[PDB]
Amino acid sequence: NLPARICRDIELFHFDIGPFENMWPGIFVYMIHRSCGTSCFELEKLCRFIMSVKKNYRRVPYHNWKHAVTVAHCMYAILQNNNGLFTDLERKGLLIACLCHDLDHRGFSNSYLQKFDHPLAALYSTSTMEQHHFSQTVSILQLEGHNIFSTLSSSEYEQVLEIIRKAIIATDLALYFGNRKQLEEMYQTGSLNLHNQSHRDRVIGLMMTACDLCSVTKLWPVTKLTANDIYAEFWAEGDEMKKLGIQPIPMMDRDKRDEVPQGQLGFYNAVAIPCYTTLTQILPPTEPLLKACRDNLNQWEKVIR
């Protein structure tokens, strides 16, 4: 059972899930239990599913099992603080989508897989890794005793898999820019309609971005340490690009590491702040993410001064 400190701190948007890997499953079960019900999934089936998901994440610096549960936690905190908006089925789906959203990631971007001519990029031309993450999700569900959705009707089953599919695809950051532009225009014209399925999908997609980027909404020590793991992957990819004979973008070039703070400024300005600003306009109870994001922007500006 969860320690008292976790029971309290887990409700904070800026909760960090800690270094004890064996606690992460119970943290996820607790979150799912509170967001749906303890008669939401069969406990034994769910545990088996969780452990098989864990096993198909890799030991990479950032796109690992810890990131998966951290992203699920952000989604938990958004849903907990926006009660009455999402159906039981959406909440179930979104927490599972978050847990599964980087399955079998290698620590390389879609663009690297494309330049490499990796077989996955011939199979899935766009949002390559994200299509694979969803394929892995389904393959795990199809294992004997791993169908956590077995009590649902076939219709509800197809529905939840489509919720998961759209939510995982949406974590392809290339899609965020267009989605967020559409959502901002909808907000300002007063045309956003949460009862319209296409708008609803967009909002869920932004939520997925916000959860995926959530390292920038933690307290500064967490944010700064998490950035080390992110760059360990980016620089490894940059090395690989150099080995293909291709000059990497500065973000992936370890030789431009002194430009990290400027690079962070750029990301906060073009990606993170607009993401949480738009999210807060649609779901005002998510304001603490935006606030923590602004505080971290200020820290990066302080690093530069």
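All residue numbers are counted from 1 along the displayed sequence.
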Higher mean Cα B-factor in the deposited model: 47 to 55 or 30 to 38? 30 to 38
Look over 166 to 174 and 136 to 144 in the entry and identify the one with the greater average Cα temperature factor. 136 to 144
So if I compare the CA B-factors in the entry for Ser125, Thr226, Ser109, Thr209, which one is the largest? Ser125
Sorting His73, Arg202, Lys115, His101 by Cα temperature factor from the record, which one lands on top? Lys115
Within-chain third of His195 by Cα B-factor, per the entry: middle
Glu21 CA temperature factor, ranked by third within the chain: highest
Tell me, lowest, middle or highest third: where does the Cα B factor of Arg91 rank within its chain? highest
Can you tell me which third, lowest, middle or highest, the CA B-factor of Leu152 falls into for its chain? highest
Third assignment of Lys181 from its chain's C-alpha B-factors: highest
